[PDB]
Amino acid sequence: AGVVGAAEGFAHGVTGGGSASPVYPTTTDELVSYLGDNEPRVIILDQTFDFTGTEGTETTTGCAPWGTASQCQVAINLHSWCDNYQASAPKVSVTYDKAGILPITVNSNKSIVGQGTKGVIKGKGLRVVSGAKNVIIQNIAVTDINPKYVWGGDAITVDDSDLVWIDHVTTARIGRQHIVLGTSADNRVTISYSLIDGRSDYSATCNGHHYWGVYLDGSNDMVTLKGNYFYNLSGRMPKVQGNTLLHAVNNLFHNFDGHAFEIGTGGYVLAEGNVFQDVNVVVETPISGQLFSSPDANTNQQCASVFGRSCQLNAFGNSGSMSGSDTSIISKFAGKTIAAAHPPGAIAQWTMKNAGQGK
């Protein structure tokens, strides 16, 4: 088989492995090999690649800054994090699965595609770093990477890249970030129709909601976030800063016992057509970055001169409010491939049945 469809938005010209004849890895070693080699490849995953326990376990130092109850996460003291950022927190002993620490390195020009509902990677994530570019990650699930431990593993990492398309992916039960960009330039990136499942037995907010969602911290980034289902999170969903232009369109934010957006200095967000259902705090205020939340039909017409269409309203149901009208963000899209936006009315229904792996 192969890639289905084309990237919308900023990463529209992504080709990945192109027309290379599809390879079907049979083991975790072959998967790692194909992902890191210097040849363009179209890698088809038709089975579960479980890295859990392949590197054994290690007992090390950590801290418990959010409580000692089983429902809470604890953190590994990676690169002195507990000493520098949580000095007053109790020091604890932690036994983690070693495979989650270092993600699999993904080189340039690759198309990683899952077949049906079988493409699953467990215990170790993926990282597109050091100048690797032109990568397509579609229809796969990356789950179970040291859920109880912060710094025990990130699912998808992008740092120093360009042209990355994450589509129809499902991330769940991860120790720290599901998706993390930066601090180097990531340029054109499109994350679409994916499911960020925040339900976990261990949470930094001790409430079954994941706190480390999507962190956009790149230094020259243009990210299109479209048609995703952000479910059951409590923070960093998404946390935007650095020098990132984020186009958040038609995503469903659902069941957040905490907050969604964290817009810091260098974060420019254009949010339209999203649906917020049962999200306590939509945006943490005060905002240090800039925001155009398509606040009303009249102000939305301002998008017309550069977009060629008006911006779409966001819908709120049993949620906090949001209102930003920084029109200076609209002009940053001039000449760029801008993803289409549908009214918020049918978004929730469709997103639930179409977002994620296997859909």
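In this text, residue numbers run from 1 along the sequence as written.
Asker: Should the higher mean CA B-factor in the entry be assigned to 298-306 or to 313-321?
Answerer: It is 298-306.
Asker: Got a sec? Mean C-alpha B-factor, which is higher, 60-68 or 47-55?
Answerer: It is 60-68.
Asker: Checking the record values for 101, 287, 142, 113, which has the greatest CA B factor?
Answerer: Of the candidates given, the C-alpha B-factor peaks at 287.
Asker: Whose C-alpha has the highest temperature factor in the PDB entry: 225, 89, 169, 240?
Answerer: Spelled out: the listed residue with the top C-alpha B-factor is 89.
Asker: Test of reading the entry: by CA B factor among the chain's modelled residues, which third contains residue 131?
Answerer: For residue 131, the deposited C-alpha B-factor lands in the highest third.
Asker: Determine, from the deposited record, the chain-internal third of the Cα B-factor for residue 118: lowest, middle or highest.
Answerer: Tercile = highest for this residue's CA B-factor.
Asker: Lowest, middle or highest third: where is residue 162 by Cα B-factor in its chain?
Answerer: Middle third by C-alpha B-factor.
Asker: Residue 206: which third of its chain by C-alpha temperature factor?
Answerer: It belongs to the middle third of the chain when residues are ordered by C-alpha B-factor.
Asker: Lowest, middle or highest third: where is residue 83 by Cα B-factor in its chain?
Answerer: Its C-alpha B-factor belongs to the highest third of this chain's values.
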